[PDB]
Each structure stands twice: as structure tokens, then as C-alpha cells.
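Peer 1: Generate a structure from the sequence data that follows.
(chains A, B and C, ligands or ions: 4)
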Amino acid sequence: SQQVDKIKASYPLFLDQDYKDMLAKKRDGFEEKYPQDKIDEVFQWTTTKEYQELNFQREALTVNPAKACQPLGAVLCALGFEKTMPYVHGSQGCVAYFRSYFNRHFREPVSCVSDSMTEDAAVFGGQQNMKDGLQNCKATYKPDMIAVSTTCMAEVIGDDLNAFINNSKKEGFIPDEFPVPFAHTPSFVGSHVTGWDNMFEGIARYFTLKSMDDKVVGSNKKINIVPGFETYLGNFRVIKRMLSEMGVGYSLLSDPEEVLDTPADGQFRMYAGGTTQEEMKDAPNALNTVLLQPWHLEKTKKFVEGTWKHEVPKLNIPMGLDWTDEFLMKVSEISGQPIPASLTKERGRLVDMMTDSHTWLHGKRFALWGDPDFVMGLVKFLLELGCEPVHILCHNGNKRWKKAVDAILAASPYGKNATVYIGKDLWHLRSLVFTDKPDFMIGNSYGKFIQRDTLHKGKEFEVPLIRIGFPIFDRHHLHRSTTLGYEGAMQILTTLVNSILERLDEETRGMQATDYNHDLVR
Amino acid sequence: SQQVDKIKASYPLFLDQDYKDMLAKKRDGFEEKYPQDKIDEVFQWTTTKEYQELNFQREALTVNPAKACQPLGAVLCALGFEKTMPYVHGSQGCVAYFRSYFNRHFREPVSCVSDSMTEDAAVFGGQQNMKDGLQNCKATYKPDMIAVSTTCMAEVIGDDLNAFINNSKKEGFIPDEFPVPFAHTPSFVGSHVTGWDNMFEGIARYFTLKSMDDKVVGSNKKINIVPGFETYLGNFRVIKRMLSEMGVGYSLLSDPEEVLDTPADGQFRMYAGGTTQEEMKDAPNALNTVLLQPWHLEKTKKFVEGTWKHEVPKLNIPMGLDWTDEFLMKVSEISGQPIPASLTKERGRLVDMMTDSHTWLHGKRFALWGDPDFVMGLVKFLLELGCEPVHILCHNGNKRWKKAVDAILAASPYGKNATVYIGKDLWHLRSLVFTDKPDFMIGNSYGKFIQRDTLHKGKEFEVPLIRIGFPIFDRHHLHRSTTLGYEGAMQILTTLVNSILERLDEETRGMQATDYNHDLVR
Amino acid sequence: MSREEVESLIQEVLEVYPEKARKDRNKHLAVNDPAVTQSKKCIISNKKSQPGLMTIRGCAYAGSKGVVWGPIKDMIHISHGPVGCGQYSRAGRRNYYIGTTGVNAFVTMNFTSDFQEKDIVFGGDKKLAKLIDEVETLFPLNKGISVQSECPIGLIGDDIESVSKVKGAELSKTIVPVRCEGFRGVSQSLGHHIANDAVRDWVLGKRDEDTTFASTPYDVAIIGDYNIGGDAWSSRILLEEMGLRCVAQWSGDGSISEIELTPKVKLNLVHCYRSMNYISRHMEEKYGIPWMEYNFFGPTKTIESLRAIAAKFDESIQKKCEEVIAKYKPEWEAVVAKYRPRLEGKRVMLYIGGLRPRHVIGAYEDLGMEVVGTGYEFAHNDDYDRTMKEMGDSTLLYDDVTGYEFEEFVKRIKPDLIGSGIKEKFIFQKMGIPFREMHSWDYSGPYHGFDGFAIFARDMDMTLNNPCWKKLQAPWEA
Ligand code: CFM
Ligand code: CLF
Ligand SMILES: [Ca+2]
Ligand SMILES: [Ca+2]
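Peer 2: Residues are numbered from 1 along each chain as shown, chains lettered A, B, ... in the order given. Ligands and ions are numbered 1, 2, ... in the order given. Next comes the structure:
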């Protein structure tokens, strides 16, 4: 039933007796589910070191990964350029998935097309799909540029994107001068970040390679900035803020902050502001290039140093105090712009926030995951706060990166009990938070299930999740937040401290029992 | 005992058996506390309408007020002016309290002095305290200005601040030209906000009254802005941001954003940037004056219109969509500056956030409290989101203000089941959240005890607190947040939506039982 | 309004398309006219989507793992291929279930063989085998496994059938090899057909020789109800209330056991025609189990179905059916009494998968709303025939509508409310048109049956008459 005045949705609804009873009968009648005892048993088992060991012995099965295939990154990278339309040459299924994946994280429209290759397109090789697809795409959505990415299908069948595109132009399907940069993004290699890398490098090649003759380093008096796979509007904005705050001529390559934040005013802007093609063509003329997230911009680094001849600084993702300092100082050196008292004060304030909260932070053990750079940085900041990143997991991480983080950990007493895990999925982490239980875990929405699992063992075993990363689907607008620079640092610090206090208030909310420690002031 | 490797503080400590047993024996042995039954009984009683009625029949007893005495406001107001030292003529006890009260909310130093009046100073009237106190204050802390406020003690004994100060100067205790504005702030009248009002008006009189001859409205091409009692650094900053974003010549009178956010860099800056005396002296030359929080700037309004001859616009606190629009448009009209596409887009984004989250918001009933303006505005925004501010409580509210809010509520279907409560303390509200239980409550740290009480009745009776207002002592750095303008609106919206989702995740975290609705995407 | 104004609209939009694409698209845009029962009325469906026109279709994988196979609780489904499909698909669909996720139920999880380059070049057929063992070891309580082929698997030709048969025989576990390679077909549609065939060949037949199950004259089965937000449950409660016994729900709170039990049901109640009709026909021609379609969207439709269903049984059932209708009458009545006035005459446009676009029409009309246009992503002409008797004369119809099309159509039609998918939501919200997700119920409760109707009603009002809509334009502009 339903009480019109106070309608109950799925949640309170299926808790009504008639419903409960129905499910009970359904279960006992046709589900043949394992006895509650067996269930409870196997569960307690999944929390033991014995289980965890077998769990880590996995060589084939991947459960609850902490990554996505290349094309996703290629698309995001594509969205960073002015009136550019992401075009994924391959199965249409992927594109639908990409769009929705981003739709849910940004709560914004996500324009992307596929040339819809099917059975015979795979067998015969979809060159026509490329031709018609490009023509149709331009004519219908009138984009200024089309960024081609790929699907495993197109990668297996070796569809020569370049050949196809070239022939597409030569056969009059699209104007010969229409910018159609491409990039091979095999789903089965690297991850989404690699896709971002490949896509960017391809675009960089497109507007540069040939025209390298008239280019001269530093002539434009700008500093190129490559964000890489970034899913926080605040992260793009903070970099641009600081740069402008210093009066540093810069050029953010792949800036979709606008596309991912179109104002709702009765009008739909498919495309929005982004990196102008001219900025890309002129990019080689820049003083240098700073890669905000170096660990997944490998191919781009080689192209920039090799072709653009830019001496890319060995800088870490500008996360946390130290790294942000290094970033600013490096930029300062390259541009000759002194760090304004504006930023100096901001740094001081963050330190002040750290000092005000060091009490609660000091000692808190965390488990975390996400992209290489993000994680690496998060770790550094955690260390600066006096916290312990015991379980550092980066599914899409590599041997060298692990070493880097290990060295970072070996540089601080707080990293003493930390352990970096590469090529490990969230199911592995689930075991880690059970066996060697941390205080909280920092990660994307996928971790909410780990917290569900942990709590199911017991309240004192519950490891609260702190949503920082990608993707965040169960929380509205967190994508606006910042993690980079002092600003991002301050936000993260605040978030952490308050998360700690929250759980404490809960734990001490028990009247008569634990409420004695329920302090008004903390 | 204690395990050196894993030391347990007060919380986990007193839960150890030997400790529990000790308390049990203490209770049963010498406390003579009422039987657990009686306790449980009286508790269930305090949640009934019967209790609530008797609770509302109170005419003398005030329990858990939602306000503070005038001097607190006077002090905060004082801190908004360049190198100014708050001086409270009266008992030293107050000053210690004021400082700490703010210390805990801002997590910053709070400089304020008292001329320490004692027994004989009260009987004989502390004129000497004023003389010596002022001389000593200037000489020791070298302030450029001293803002005198009062304590009930000094208000009862009718200490003529003006006479005292005048004589202090004439008798050579301080230079005759040293700026010593004063204000009578009887603890037992109005509240802290009134203190802010009085203090400001006194300062405005001091640098204006006599020198009104050479003043001409609009000559300085600036728009005066009076923030009033504001305890969110972000609230000052957002106003200044928008104004500068429009290119509007403005002058924020009483700007302690700097004093309340000194960077920790091995140096202690007692005083920081604030409203320069010149800005105050030149204030009458402004085009007009906008009172961000009109409801507690009454005396100032009369002085501005009366003496400064400024036609102060009838504007509501710039909170939420509509009111922020009105504020901007009014400012636009007064300054002749068109609202930049910068702000227009920002408005659009907020609307977009509203549209993206309207689903979860629509219908959520809230209980709230705080200063008149803050509350009034919070209500308006709540209505704009499609939420229902059922219990609107403003202890320091008045008859006219109630009417204003009522009219606002009568303007929307969502205000249908709302009820404004003036002169009501949090104990009254406690009953309201028990009898007519809302979804969440928005307020200061004092509400954490109401949530404690509610949960004690049962989980489904627990009404989570959303910390927005003053003071917030159990959460680090929330004082940096913003509530004004689209920026503040966005933050509040995000905070609310996420608060809702949080509680839902908790309610649906029960594996097998309620976790079926534990959605990854929301 | 008026087919002439509509036909002009269709023809106008088609103008941007290069001749080739223009020619094709025209065949998928049509003005409805009841009585017409075919494609005659300029409407062809289930065909290759035009490249570059940004369609909203999915892949065969989505058809199998996404909608049909994924929903099964006590069964582990392996997204066989590179990471991505599984990840993007992980807990996207709200096919609700009751189980201890991780120990006996696994829906929420994303099991994948995380294909890496060397697995393609050398064929991850060995990887799969090793994977299965790891699964049995780490998830003892699974009652079966299913490999969902992603594009790569289809191309490289991995003998997944054999791996399944060999490992299955060894471990004595049901391992179902599904060839739902994304490229195979034209949408999620074929994925359904494939998944159905997989069920037929690898699961259904398992209990044919077994006669231990105690059947009753009222044993029914709900097929084609994925319990989105609890949809199946809200439908089941009604059926059982009128004396029926729901032996199994296909891909709702479904277990492998009840699926195997299905061949013992006296009647199959098909909700989602497009996805289950295949297996329904098979169960008939083989086990002689008759099947009928039905609708639970809105009281009129629900009641209509409840009666038609009870009519297939004896009087005890029919009599009970009326008691049920009687019981819920004051409720849904009160619902319309409150909400209809707020939604009276409000026009709505839709676009969904391959059922809802026509099925929800009834519910809308029950609240006094008019569906001015609707369309499917993957529906075949089978559905379109049925669609025409539901759509009012001169309403717009579209198959595999391109993004650009939906936009322009919406521009002139100017509906008061639009119901489509996630990839659409924000696009129209930007335009200031109240949008409501008709795939995921916009994270809201069930819509099926009477209890679901109350929720559906509230939701429509909630959004359609939300104050946020009036605030789209800034006062300083006109
Ligand atoms: S878009 Fe149903 S034919 Fe299929 S996931 Fe939705 S309108 Fe599917 S009713 Fe169903 S539970 Fe669906 S809502 Fe047929 S199962 S491929 Mo997207
Ligand atoms: S249409 Fe469908 S989702 Fe596409 S591939 Fe084909 S079965 Fe799969 Fe998979 S890893 Fe990513 S999303 Fe692909 S590019 Fe490969
Ligand atoms: Ca949006
Ligand atoms: Ca401080």
C-alpha cells in the first residue's frame, strides 16, 4: 500500500511487513539461497589474512577494478579543445558508456560520437564508417575539429585511422583542411589515462610536426600547461588562478572546464570554451611545458622534449605544501615572475590550517586509490599532515611509479608502515582494510561497497570512505572541488579533519554510554 | 592500563571493563541517581506534545539560548577596522569570554582588552580605569584606534563613556586626537548583533558627525557596504569578489577578513588589514550604502539616512538566487555598472546545480536557527530549492521580522507548513524536532546536543545537524565557508544535498537488509 | 499539432543530413496514425545506426551483461575482455536484488578478465580457465558463472564455449558462454536475443528430467521485469495477492534456481516484450507453456492486465483479482485526485529502450498528461505495431533518434516534460525543460503497479512543477 500524503519510495517501501514476508517466501520458495549460517561463515572468512593471501595470489581474475579503458581518457582529452567533437572509431556501445560515465560524474551533458561499426564493418574493416561518420558528424553537429580515438575492435583489426582519414579527405567526404587529429587507444593497454596521453600527443603532433620550422622556444613568452586526465573543475581553475595571480603568461592545453560547467539558462551549448587550435599551433613557441600529471603524460613528454625541444621540468603533481611550492618556484624561475605576496600568504594560511588541525590528524592511518599522480600526491600531502597512508593502491600503476612513492615514503617516519600496491583491484584493498584496518579510506564512489562490507563485520570494523577522486557518482557536485595547489590542499585538509570529527561525534553520540566525550568544542 | 604502542585517550579508555565497573560502583555507591526506568520515562516524556506545550509556556527560564550579549558583536565590529583594538569598559571576565568564544570559532588569535573594573571600580565608578586603561592600552599594544564597548556592569552604573574618554584626553592620558570611538552595549538588551550595530554606528558617528560639512553624496564614486555581524571569512570575500568583478567602486566598512586569517609563518601579527579610518571619514561621500544584514543594522540605517543622507535600498541579505539577483541589480543601478557575463554565468551555474539536485531536495523538511538576517535568507534559499523550512527559530528575532519571514513563506507553497519562532531557545526547538520531526536541522554547534537527544529516542527519530551558522566549535575551518551570493548558495546547496545522500547511504548500508537501495550512482 | 506541421518539422531537421544519411533517417521518423499496423506508416526500425549522427544506442554486451545476465544475483558474470565495459557498466543499471553482495550475490561487482595486449595476441582462453578457478576459490557460494564477450573475444575467436564446457564439467558448475560482442548486431537488442538463446542452451534445460518441484495450478512467472528500483517486487505483490504464485522473475531479484524452475510454470507473464519474447516462444513450443503480454504502468493498465491475467485462470483467482483491484482503488484514486490537477493537460515527449516508450503512455494519460511524441532506441517493427494503438493520432514517432534530431524536435514541440536516458537529462535541463529519467527512474522508487504509480505520479509533479524552472532567465535580461 501507499499513503498518498506521505508516499514511500523503494527504501521505506520494501520494509513493510507484507513486502518482507513476500521476499521471505520468494527466498525460501524458489531462490534456494545458501543458509544464513554459511553466508555469515564465508563472509567472516573473506576478512581473514588466509583469504587475503589467496586473494592476492590472483593472476587472471580482476574484481572491482580501479581504472577504465584508454578511449575514456581520449574523449575527456578531446573535450578540452575549442568546438572539438570526440569521435571514437569503433563500436557505438563504448561511446554510449563513455558519455554516461562522465554524465554521472559531472552531472552535465557529454557530447561524443561513434562511427558505429558493426559485424560486417569489423570483418571488412570500417573505412566507410570513417568516411561517412566524419562527413555526417561535421554536417550535423558542425564541430570545428574532430578528435578520433579507438575501440579494442578497431585496434585488433588494425584499422589505419590515418589512412582512413586521409582517404576520407581525398574522396571529398570532409574539407581537406578540416582538423581531424587521431590517436590509437587500445582498450586492452594501459588505462583511461593512457588514452588521455595518446589523444593529446596525437593532437600535439597534428598542429605541430610539419609546421616546426618557424617555431622558436620562448618566443610567445607563455608556459604550456598540460593537465592530463582531470575530473575536478576546481583543479583546472586553481592552476589558471595561480598563474594569473603571478602574472605568468600561460596556455592551458586541453581546458574543458567550460564544457563541463555550462550554465542552465534555457539554452543548450553543445560545445563551450576550450583550448583554441591556435594555442596548440603556437604551443611550440612557448618558454617550456609543465605536465601537471607527468606519470600518465609519458608519450607527450617525449614528443614535447623531442619535437618541441622544451626542457620539461621534473615536477610532481602540484599537490600538498611541498609540491605546490616546487611547482610555483619552478614556474617562477621559467617565467621570471616572482611569487606574489598573494600566494605567499595563501601558503601561510594552509600551514596555519595544518597547525590548527595537526592534533586530530597526526597518526590517522588511511587506505587510498586512484590514478598514479593523484595517489602519489595524496600520499605526500598525507605525510605532510602527519597521517599514515598505510594502504596505497594504484591499479593502473607501474614499477617505476611504485619506486617513486616508496622513496617518498622512505623520506618520512609516517610512511614507515605504508605499502604501495600496483596492479591491484579494490577487492584486494577490501582485504587490506579488513586485515590491517586503517581509520578511513580516500577514494572514488566504488569504495562505498567496501565500507558496506566493513560495517557488516561490525561497527568498530567499519572504515568510512572519504570521496576524493574519480568517479564520484553518489554525491552531487563534488566534481567542483579542488585537490591541486594550496587551495586544493586546504579543502582536502578540511575534508579529512571534519571526516574524523564526524565519525567521532557518531561514536560518542551514545547518551549515558559514550556521550561523555561528545565535546562542543574540538 | 595503557598499551604504549596504541595509547587510548578518554574515549576508548573509559570503556575498559575496570573503568566501567568503577563508574558502576561510584553511581550505585554515592551518586544516588534516579533509576534507569525513571530516567527513560522522563526522557520519553520530554518528547511529547504535552511536554512541548509546557515547554513553550515558559516566561522566565531560558534553556540553551541561541544568542550572546551585545559586547561580543561590538568586539567583532571593532576588529573590522585597521589597527583598531577592541576595548570593553567593564569587568575583565567578559573580554576573556569574548576572545575565547571567537578563538574557538575562527581558530585564530583574538585581541581584545578590558580596563578591568572591580568591586570599588563599580561602587565608585571606574573613570580611572578608563584613563589608565586607555593610556596603558595605547602604550603597550600601540593600536591606531581604540573601540570602546561596555559590560552590563558599566551599563547599570551609568558610566558616561564619553565623559570618561573626554576627560581621559583632557587630563593627558592619551593624545587628544587619538581616535577613541565608543558605544554603549548593555548585555541585557537585544543581543550580540545589536552590539555590532551600536559599535558600528558609534564609529560612524565619530569620523562623521562633526565633519559633515564638506561631504557630498556620490563624490567618491564608491558604494558603502556594511557586513554586520559576519563570522564566515568567505562572506566578506564573496561580496568583495563580486563588486570587483563588476568593477564597482566600493568600500567595505568593518572588514576583519585579514585579522581572522593571519598566515602562520613564524610571525604573529596582532593587527591586520581592515577598514582604514580614511574610508570611514570619506564614507559619507559615497554614492549610497548597502546593508548586507539590515535586520541588525537598524541604528546604523537611521544614522546613514539621517546624517549621511544616503537613500539606503530596501535589500534583503544577499542569500540565495533571488536575493542575490536583487542585490546585484541594485548595485548595478547605483553604480551604473552592468552585471558582467562573469556573474551572469555564475548565476546560470547555480541554477544548473539546483536543477541537477532538485530531485533529492524537493520535499525535505528542515528546522533552523541563527541571527535574523541569516535565518531569513536561509529560508528563502530553502524555498527556492523546493525544501520546507518547517521550524524557523530565531531567538533574537522581533515581531516585524517574524512578519517579514511569514510573508516570504506565504509567497510559496513550500512555506505552507512552516512556523516562525522568535524569542525561543534551542530547548524549545528540541521539542519541535521531536513532535513535528523534520529531516535535518541547519544550525550552529549547539544543535549537536539536539541530535544526540533525538538519536537517543531511536535511529528513525535522529535528526542530523547540518553545521551552518555561528558558532561552529566542533568542526575545523568551516568559518572559511560562504553563504552569501551565488557562491555561498552553491556551497549551501551542495552541503545540503550531500548531507541528505550521506544519511541515505547510512540508512541503506545494512547488508542484506537495506543495502539493496545502496546505489553507486545518485 | 497536426501531421502537416509535424511532417514539415521532420523534413526540416533532415535538411542538415548529407543525402545518404538524409535518405535513411526519413525512414525512421514518422507521424503516428492508429489503426495502421505495420511499417507502411513510414517507420522502419532495428537497422544499422548511421555513423557520426551520435545515436543513443548501445552494444550487444549491454544487451547481455547489461540487461539480461547481469541482474542474476547468485551468479558471477565475467566481463570477458579489456577493462572498460565492465567498469562503465558496474552498478549502472538499478536492477535491484536481495543478497549479501560479495558472498552469495554479486550484481554490484565487476568481474573482468582485464584483457591486456598479450591476452589478445595469444588469446586469453587459458586466462579464462585460470580465472574461473580463482573465482571458485574466492567466491565458493556462486551458483554459476557467465562469460560476457566484449568485442575482442568475438574477433580473436577464443573458444570460450569449450573453456566453459570443460571447466563446468570439472567443477560441476554451470558456466554460460555468451557471445555478446559489442559489434555484433546493431544495438542492445540482438544482445537480448543472444542472452535468451544462451539461457535456453545452457541453463533452462538443466531441470527437464527433474519432477521434484511441487507445482500448482497458479504457478506463474514474470519474465521481462528487471526490478528497476523495485519494479518487479511491486508487481509481484499484486499477482500473489490475487492468488498466483510467482515461481520466478526473469532478471529481477532472480536466482539461477528459479530460472531453472521456470519450465514448470503454468503461465508466463511477459512485461518487456522486446527482451524476453524469444525465450517465451521457446518455452511454449517446447514445454507447452503459454505466454501473454501485460502492462503495469498506471492503474488503468495495471487493472486491465490483472483482469486479463486472472481471466486465464479459474474463478477463485478472478474473484481475488477483484478484491485486489478493490483494495488498491482508494489508493491510486487518491493519488490521481492529488496529482492529476497539477499535471492535467501537460504535454510529454519520450524516448527510451524497447518497451517503456509505449508502455508508460497509459500511466501518463491516467494523470491527464498527453504524450505528444515517443520513440525507441532498438525496438523492432513488432513494438511499433503495438505503439501505434497507444499514440494519439498525429503524435511524433522516431526510431534511433539522433541527438540533433531530438533537440530540434523538442525545440518546436516544446513539451512540458521529457522522459529519456542519462545521456539526455542534462541536455534538456539546460534548455529549461523538466526532464525525468525513464530508464533509472531518476534514482526513484518503483513505477510498476499501484505502489509504483504513486511514486511515478509524485516524481512527475515534483519535477514538472519545480520552482527551479521559473528561474532559468536572469532578471537583467529579456
Ligand atoms: S533501455 Fe526497456 S527494452 Fe530494455 S536497460 Fe529500457 S525501455 Fe533497456 S523494459 Fe528494460 S529495464 Fe531497461 S530502461 Fe525492456 S529490458 S534494454 Mo534502459
Ligand atoms: S561496444 Fe560494448 S562497451 Fe564497447 S568494446 Fe564492444 S562490448 Fe565493450 Fe570495453 S574496453 Fe573500453 S568500453 Fe569498448 S574500448 Fe574496449
Ligand atoms: Ca548540470
Ligand atoms: Ca589559526
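
Peer 1: Please name the residues that touch the closest residue to ligand 3 within the stretch 251-400 of chain A.
Peer 2: Nearest to ligand 3 in the stretch 251-400 of chain A, going by C-beta to the ion, is residue A:264, at a distance of 6.4 Å. Using the backbone N, CA and C atoms, a C-beta is placed for each residue, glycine as well. Contacts for residue A:264 (C-beta atoms under 8 Å, 6 or more residues apart in numbering or on different chains) come out as B:348, B:349, B:351, B:352, B:354, B:355, C:429, C:430, C:432, C:472.

Peer 1: Closest to chain A out of the residues you listed?
Peer 2: The closest of these to chain A turns out to be residue B:348 (C-beta to the nearest C-beta; 2.3 Å).

Peer 1: what's the following helix or strand after the helix or strand where that closest one lies?
Peer 2: In the assignment (DSSP states H and E), residue B:348 maps to helix B:341-361. Sequence-wise, the next helix or strand downstream of helix B:341-361 (DSSP H and E) is strand B:365-369.

Peer 1: what comes into contact with that next one?
Peer 2: B:66, B:375, B:378-379, B:382, B:387-395, B:417, B:426, B:429, B:432-433, B:438-444, B:447, B:463, B:469.

Peer 1: Tell me the strands beside that strand, with direction?
Peer 2: Partner strands and pairing direction for strand B:365-369 (DSSP bridges) are strand B:388-394 (parallel), strand B:440-443 (parallel).

Peer 1: could you say what helices and strands the helix or strand just after the longest one packs with?
Peer 2: Using DSSP H and E, the helix or strand that follows strand B:388-394 towards the C-terminus is helix B:399-410. On a contact count with 3 or more C-beta pairs under 8 Å, 6 or more residues apart in numbering or on different chains; DSSP states H and E, helix B:399-410 meets helix B:372-385, strand B:388-394, strand B:419-422.

Peer 1: circling back to that earlier point, would you show me how to pick out the buried ones of the contacts of residue A:264 in PyMOL?
Peer 2: Remark: buried members of the contacts of residue A:264, expressed as a PyMOL selection using 16 or more other C-beta atoms under 10 Å in any protein chain shown:
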select buried, (chain B and resi 348+349+351+352+354+355) or (chain C and resi 429+430+432+472)
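
Peer 1: hmm, the helix holding residue B:348 touching chain A?
Peer 2: Yes. Helix B:341-361 is in contact with chain A by C-beta under 8 Å from any C-beta of the partner chain, via B:344-349, B:351-357, B:360.

Peer 1: near ligand 2, which of those residues show up?
Peer 2: Among the residues of helix B:341-361 next to chain A, not one lies near ligand 2 by C-beta under 6 Å from any ligand atom.

Peer 1: Show me the longest helix that occurs in the chain.
Peer 2: Went with chain A since none was named. Longest helix in chain A by number of residues (criterion: DSSP state H): helix A:485-507.

Peer 1: I was thinking of chain C, sorry if that wasn't clear
Peer 2: What stands out as the longest helix in chain C, according to DSSP H, is helix C:315-343.

Peer 1: check whether the helix or strand just after that helix contacts ligand 1.
Peer 2: Using DSSP H and E, the next helix or strand after helix C:315-343 towards the C-terminus is strand C:347-350. No. Strand C:347-350 does not reach ligand 1 (C-beta under 6 Å from any ligand atom); its nearest approach is 9.6 Å.

Peer 1: Against which helices or strands is strand C:347-350 packed?
Peer 2: Judged by 3+ C-beta pairs under 8 Å, 6+ apart, the packing partners of strand C:347-350 are strand C:370-376, helix C:403-413, strand C:417-420.

Peer 1: Tell me the buried residues in the longest helix of chain A?
Peer 2: Within helix A:485-507, the residues that count as buried by 16+ other C-beta under 10 Å are A:485-501, A:504-506.

Peer 1: For that helix, C-alpha coordinates in CSV please.
Peer 2: This file holds the C-alpha atoms of helix A:485-507, laid out as CSV (Å, rounded to 0.1, in the frame of the first residue of the first chain):
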residue,chain,number,x,y,z
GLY,A,485,47.7,23.8,-5.0
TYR,A,486,47.3,25.3,-1.6
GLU,A,487,43.6,25.7,-2.3
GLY,A,488,43.1,22.1,-3.0
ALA,A,489,45.3,21.2,-0.1
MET,A,490,43.2,23.3,2.3
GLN,A,491,40.0,21.7,1.0
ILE,A,492,41.4,18.2,1.4
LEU,A,493,42.7,19.0,4.9
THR,A,494,39.4,20.4,6.0
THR,A,495,37.5,17.4,4.5
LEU,A,496,39.8,14.9,6.3
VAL,A,497,39.7,16.6,9.7
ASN,A,498,36.0,17.1,9.6
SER,A,499,35.5,13.4,8.4
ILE,A,500,37.5,12.4,11.5
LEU,A,501,35.4,14.6,13.8
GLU,A,502,32.2,13.3,12.2
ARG,A,503,32.9,9.7,13.0
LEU,A,504,34.0,10.7,16.5
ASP,A,505,30.7,12.5,17.1
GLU,A,506,28.9,9.4,15.9
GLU,A,507,31.0,7.1,18.1
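
Peer 1: how about it, does it reach chain B?
Peer 2: Yes. Helix A:485-507 lies within reach of chain B by C-beta under 8 Å from any C-beta, at A:490, A:493, A:494, A:497, A:498, A:501, A:504, A:505, A:507.

Peer 1: tell me which residues in the helix holding residue B:348 are buried?
Peer 2: B:343-361.

Peer 1: Which one of the residues in chain A is closest to chain C?
Peer 2: Scanning chain A for proximity to chain C using C-beta to the nearest C-beta identifies residue A:93 as nearest, at 2.3 Å.

Peer 1: give me the number of residues near residue C:114?
Peer 2: Burial measure for residue C:114: 28 neighbouring residues, criterion other C-beta atoms under 10 Å in any protein chain shown.

Peer 1: Could you check how far the closest residue to it other than its chain neighbours is from ligand 4?
Peer 2: Once flanking residues are discounted, residue C:114 sits nearest to residue A:62: 3.8 Å by C-beta to C-beta, 6 or more residues apart in numbering or on different chains. According to C-beta to the ion, to the nearest Å, residue A:62 stands 46 Å off from ligand 4.

Peer 1: do residue A:461 as well
Peer 2: Residue A:461 is 35 Å from ligand 4, by C-beta to the ion.

Peer 1: got a list of what the residue nearest to residue A:231 when sequence neighbours are not counted touches?
Peer 2: Among residues not flanking residue A:231 along the chain, residue A:470 sits closest, at 4.2 Å (C-beta to C-beta, 6+ apart). With contact set as C-beta under 8 Å, 6+ apart, residue A:470 has these partners: A:105, A:231, A:370, A:371, A:444.
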